[PDB]
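Notes follow the structure.
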Amino acid sequence: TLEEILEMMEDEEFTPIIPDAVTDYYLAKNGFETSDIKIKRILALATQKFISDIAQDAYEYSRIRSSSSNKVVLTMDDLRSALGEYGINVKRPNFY
Amino acid sequence: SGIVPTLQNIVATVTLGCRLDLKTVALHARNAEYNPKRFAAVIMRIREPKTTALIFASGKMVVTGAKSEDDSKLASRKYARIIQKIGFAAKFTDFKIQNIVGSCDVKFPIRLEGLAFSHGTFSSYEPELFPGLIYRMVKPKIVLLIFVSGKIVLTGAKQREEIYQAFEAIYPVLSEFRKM
Amino acid sequence: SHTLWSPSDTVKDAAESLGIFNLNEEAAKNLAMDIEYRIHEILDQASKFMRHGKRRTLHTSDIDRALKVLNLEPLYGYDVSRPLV
Amino acid sequence: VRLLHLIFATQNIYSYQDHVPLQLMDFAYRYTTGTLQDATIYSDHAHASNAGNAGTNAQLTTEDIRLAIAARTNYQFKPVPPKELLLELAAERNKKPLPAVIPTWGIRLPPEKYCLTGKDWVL
Amino acid sequence: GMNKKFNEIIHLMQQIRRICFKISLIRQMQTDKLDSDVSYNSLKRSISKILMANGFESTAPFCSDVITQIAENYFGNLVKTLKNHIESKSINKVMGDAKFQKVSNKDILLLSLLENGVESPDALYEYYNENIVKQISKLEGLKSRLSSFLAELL
Amino acid sequence: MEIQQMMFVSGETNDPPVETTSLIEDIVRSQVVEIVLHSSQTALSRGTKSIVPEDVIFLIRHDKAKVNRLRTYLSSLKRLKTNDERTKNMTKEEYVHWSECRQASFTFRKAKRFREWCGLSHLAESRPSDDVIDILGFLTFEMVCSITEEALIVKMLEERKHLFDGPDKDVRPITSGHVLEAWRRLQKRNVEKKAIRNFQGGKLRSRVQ
Amino acid sequence: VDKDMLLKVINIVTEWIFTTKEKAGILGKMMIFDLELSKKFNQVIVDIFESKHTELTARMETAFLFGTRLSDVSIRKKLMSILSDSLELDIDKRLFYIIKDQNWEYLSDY
Amino acid sequence: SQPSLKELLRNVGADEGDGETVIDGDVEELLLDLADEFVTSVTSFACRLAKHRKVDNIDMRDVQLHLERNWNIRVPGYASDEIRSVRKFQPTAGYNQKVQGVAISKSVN
Amino acid sequence: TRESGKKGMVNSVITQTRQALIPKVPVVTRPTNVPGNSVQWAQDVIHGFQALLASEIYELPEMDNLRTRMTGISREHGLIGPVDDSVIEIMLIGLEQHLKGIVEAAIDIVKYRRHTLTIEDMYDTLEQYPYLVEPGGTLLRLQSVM
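Protein chains in written order, with the entry's author numbering: chain J, 58 to 126, 190 to 216; chain M, 61 to 240; chain H, 13 to 97; chain I, 12 to 59, 65 to 139; chain E, 817 to 847, 879 to 1001; chain D, 15 to 89, 185 to 268, 290 to 339; chain L, 2346 to 2363, 2370 to 2386, 2391 to 2407, 2411 to 2468; chain K, 475 to 478, 503 to 607; chain A, 181 to 293, 327 to 359.
Structure follows, in structure tokens:
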């Protein structure tokens, strides 16, 4: 539902990977102070989820690359494709 | 008054517990399709009981086509001769049934629409995915294809009695949705 | 040629990296012209942001903002640490 | 690139951080790729593509590049100072009078319900 | 830190099972006020702790900087949304003279979530259970591979 | 698009004039050519000319996967159950017509003309298989069913003695504007979780379904 | 083709009325056969109006209006009597009927 | 000849069913102005792109392309113009030679 | 040297403005033959600039107004030949799609799940999503109507 979701963030049973201090810094940067702890953990959580989504995009787009049916590296082609499929813009690096 | 399912095909797998030199036995048998680059096993056959047989070098064989548990077993014994007389330890053993398919005709069109959307728990109709309307029984594990003409296909039974069992339980349902 | 940024190889490298063959020379001259102007453009904007931070050694934040104000896409992945080779 | 330092020399900025040349060169590469890509599309457009009607042969004159750039600057690249627009727009604002009032030696705030009351945010 | 603890359990199981995968390949083929830089690098730590998929910081560094900056932008976009709704200066928002908030303090939050990314609340409940199920799913997949390889090596 | 008109009937509704069907034909053709463009590009970037099923199912990469898998293997839910339960009926071959649309898709046999009417000059050095032809049949059928759903939804959201020459058997539900609004709606941009770059400038992206 | 094959097709079309759009195109092209066998053909279009309204009048109303035109007295008396009872007996509602309703198909000489 | 306002009101009555009635003098004027700007910009770029075709003639099918390209508006209708090119990323030998050269510089030498 | 070896490429501001403000006229030469079979006119440009364009009236323009405005722009840019009555309709189509997108955005702002919308909500959503509208002309005008 929704009210369970702020029943749960308060206690230690669900404490986002993003530490409280770092999110406090980024709240403060973009201009928000409040003496609640829920909301900050919540924005932490949503960001965690969004990065998880690009993670799975990268995983699958790496899994297509060869042999469908010296370890794994998430390179610039994998990233070029997933970031592109979002709205993140074109990565056209170069040399010379 | 009797309407009862007929057996259309029994796929059995039996193992002639012994190694088999597939090239050799294909040679002798002569009219056995043995071919390179693909499927490494010899495909035997017989006029009657008209059954096809995939013999594997792993001593195991899969005989198909029999319309009855006894005929299969019989065709399963014929094959351990054509590959025994050719000096081999063709020991017929561990005969198993892999699947039994039946068919039946109730002779009255069926109101599948009504069956499906009162039995959606088991019944299934996606037009692009497949033609016709299905039904998945939980006990016994059988998948029945029911068509409007009233012809049904019973699949997945590992034993004969489950075909009769499956039809004996779905018949009253089909009579309820008999289009008149 | 016309200006800096020799289009005989630079613009040639670009287009032949794309997968074309027929870029007339004068076209690549004009292209060098345009990209050099865009350089001076972004550079002055990041200078405007430089002399509000009242510093001199222009950092990357200056040009990043200077992109963000030109309604132009940002550019990620350039950290001060781990220097260049 | 050393020539990028040479170009920096034109604006009296000899205090770089050495990441800038990499970055701006990467940028120009990206930009010109997009540019001479959509210009190639327009060169195809003059060559009358669909699901098989004719071939695709490249010339890429300057006019196509001009087209591909004008579309970009249609939504980018801070243009010439739009003075006249601003003058007339500001005359439209610079039209209605001042309040001509006296708050009598303090500060006059907006009314509460437009003020913020920066309390600890709470549900 | 139960979320941190479970992501760490994912990390440990990944380490051990990927190690076992690699040696099995080898045997087969044998035959407080805080500042900017600390914040950045803490976020990089947390990021590379997300990445159960590939390998924890097992990619080029440019990509790590990329990801850091992107998530920074996203978090900033969150807060720029909520604070914009809160200032509002519009009749739809703004405490009414008769204390009538057309939309109370919570719909603000739900709404700012909605504008950026997340659609509904319970998608978070969903992603959470999805995570913990990903743990046991990949666990059991590679554990069955482990048992079958223990059978195969014999 | 006789098959599309049959497929449009299969979804729910009847009586499209030639206009909506030719329009839908253009729609489906565009969607499908874009799919094959992307899949061929991805394969050749992997370094192979032959078009394959693994790319294409991941090209959809969404709940769009469960239904497609079932279609290959053969070769919310309460609402789709409840509407079908309401449909339950017979006479003038009521249930009979339902089946026609199911087994008259392009993949049924007419694979050749379905391959040729769409784009085929692409990948001249190779040629795809009929498995992907059946796949595309599934995708085209699902797209036609969805479009029709949205058209009906918007249509509903909008809300003497007989002279015996009006037959009282003619209706005019569906037209250009309805389908256009529906196809705007379906291009819901991205889930908007893919357009979160909220404060910026400039944009471009292609899309399917 | 010969009239016997057309009469067998008309007899096959006579059994069909006792898809609906498929029957319309067959009856519609048989109206082009008026340019004898049409006396057998427009015999059918009389009794179609005698049996049934709720039927699709797409093939009916364009053939009813070419039925009064074909210059044979026994069916034009029959067809125009059907239409002239369906209206009211007032001369008002028969005057509004001929202009506000009942669109006149034929641009032609008639 | 032929026997001779409900466009915006229809553009907005079909968006929602809980009122949400906009106000003129503040909101409606904004939207009309946006529409005007849209039409002016689009037809300008279209006429330029028609002159690009080396034929001094009318403008058709350039609007559809300009919409599909710059804005994200596709129209599934009248014109049918797509790219037709995968836009391959390798011309003849020499570029991939540079690729493998910098590749060996990366790996070993 | 100084490049742009042409009759010129001015880089000033005021002449760009003026030359981008007056109406132009597509008048043609005739060395041997300049086909087209329809003489060029600038009566069309005056007629185009004189229309009761949108934002005065309260409704999106019906075909005829839009056609009269276009001929003006085409002659004013240097084309010839009449617009062919299909352009206007596809343009209206794209337009109404645009505006439905914008207002859907504002509705997504105000209410989460009897309300009434204002100007400030539209300024909020054009602060969040500015990729919708091309900058220039109107946004500056939008920050002078609040």
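Yeah, the Cβ is synthetic: ideal placement off N, Cα and C, and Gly gets one too.
Check whether residue i and residue j have beta carbons under 8 Å apart
| i | j | result |
| --- | --- | --- |
| residue 72(M) | residue 128(M) | no |
| residue 80(I) | residue 42(I) | no |
| residue 223(M) | residue 65(M) | yes |
| residue 891(E) | residue 911(E) | yes |
| residue 258(A) | residue 218(A) | no |
| residue 227(D) | residue 43(D) | yes |
| residue 165(M) | residue 75(M) | no |
| residue 240(A) | residue 533(K) | yes |
| residue 288(D) | residue 81(D) | As shown, the structure holds no coordinates for residue 288(D); chain D passes over it, running from 268 to 290. |
| residue 2461(L) | residue 2428(L) | no |
| residue 44(H) | residue 71(H) | no |
| residue 525(K) | residue 330(A) | yes |
| residue 142(M) | residue 100(M) | no |
| residue 259(D) | residue 319(D) | no |
| residue 921(E) | residue 104(J) | yes |
| residue 214(D) | residue 72(D) | no |
| residue 2433(L) | residue 2418(L) | no |
| residue 218(M) | residue 160(M) | yes |
| residue 214(M) | residue 170(M) | no |
| residue 108(J) | residue 897(E) | yes |
| residue 354(A) | residue 531(K) | yes |
| residue 93(I) | residue 87(H) | no |
| residue 69(J) | residue 114(J) | no |
Top-ranked residue by Cα proximity to residue i, from the options
| i | options | result |
| --- | --- | --- |
| residue 245(A) | 263(A), 222(A), 288(A), 354(A) | 263(A) |
| residue 47(D) | 232(D), 265(D), 323(D) | 232(D) |
| residue 963(E) | 338(D), 194(D), 326(D) | 326(D) |
| residue 346(A) | 289(A), 330(A), 234(A), 281(A) | 281(A) |
| residue 2355(L) | 2427(L), 2460(L), 2404(L), 2377(L) | 2377(L) |
| residue 62(M) | 228(M), 240(M), 216(M) | 228(M) |
| residue 250(A) | 276(A), 215(A), 227(A) | 227(A) |
| residue 189(M) | 237(D), 236(D), 234(D), 246(D) | 246(D) |
| residue 78(H) | 89(H), 52(H), 66(H) | 52(H) |
DSSP three-state assignment for residue i, whether helix, strand or coil
| i | result |
| --- | --- |
| residue 534(K) | helix |
| residue 242(A) | coil |
| residue 578(K) | coil |
| residue 224(M) | helix |
| residue 120(I) | coil |
| residue 328(A) | strand |
| residue 258(A) | coil |
Where residue i falls, given that 16 or more other Cβ within 10 Å makes a residue buried
| i | result |
| --- | --- |
| residue 198(M) | exposed |
| residue 90(J) | exposed |
| residue 41(D) | buried |
| residue 254(A) | buried |
| residue 341(A) | buried |
| residue 192(A) | exposed |
Strand pairing of residue i, partner residues [DSSP]
| i | result |
| --- | --- |
| residue 131(I) | Paired residue(s): none; residue 131(I) is not in a bridge. |
| residue 75(M) | 120(M) |
| residue 159(M) | 71(M) |
| residue 103(M) | 93(M), 114(M) |
| residue 302(D) | Residue 302(D) pairs with nothing; no bridge assigned. |
Residue i CB to nearest heavy atom of the ligand PLP below 7 Å
| i | result |
| --- | --- |
| residue 96(H) | Looking for the ligand PLP in the displayed structure turns up nothing, as the structure carries no ligands at all. |
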